[PDB]
Amino acid sequence: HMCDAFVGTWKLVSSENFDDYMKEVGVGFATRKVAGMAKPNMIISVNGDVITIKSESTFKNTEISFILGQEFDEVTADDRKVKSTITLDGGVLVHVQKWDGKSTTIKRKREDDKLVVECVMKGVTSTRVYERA
Ligand SMILES: O=C(O)c1cc(-c2ccc(Cl)cc2)c(OCC(F)(F)F)nc1C(F)(F)F
């Protein structure tokens, strides 16, 4: 029952400062433009200790499966090869990605009937709001 309120199929409904976030991450122009249009469906499921987060969109389809606190390899939508660790902290999923001596943190929170994603890279934050599909 660890992630019960996160489980389901979610659709992206709003985004703020995502281009800048991507610039800070180091995403290039063409990828930024095309990824920025995307309205992904995020599908979160749990089976025993393994959480799966799928992202389905027009640009790229991504999928990660993981155990909380256990590092894994991830290829991101912008094609970074990163080392990822996802933990639960006070009911918030906290995802850190490490690559090329860089780091970014993505937090996912249930807020009212929405799932809010806040991505941070040094100073720059983006907020992505999903609603149930
Ligand atoms: O949750 C998110 O909505 C999300 C979605 C994407 C994303 C997903 C699908 C497409 Cl087609 C394009 C971009 C993403 O791409 C990594 C980047 F931002 F570095 F490009 N990062 C996040 C993040 F940072 F917040 F986890």
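We number each residue from 1, going along the chain as drawn.
Any Cβ shown, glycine's included, is placed from N, Cα and C.
Feature motif 'Nuclear localization signal', per Swiss-Prot, maps to range 23-33 of the set 23-33, 56-66, 122-132. Taken in sequence order, the recorded positions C3, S14, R128, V129, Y130 that lie near ligand 1, meaning a CB under 6 Å from one of its atoms, are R128.
Remote same-chain residues near the motif 'Nuclear localization signal' (23-33) are listed as 78, 80, 102, 104, 121-124 (criterion: CB distance under 8 Å, separation of at least six residues from the stretch ends). Between the CA atoms of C3 (N-acetylcysteine) and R128 (fatty acid binding site) there is a gap of 19 Å. Residues near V129 (fatty acid binding site) in space but far in sequence (CB under 8 A, at least 6 apart, same chain), listed by position: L12, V13, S14, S15, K114, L115, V116, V117.
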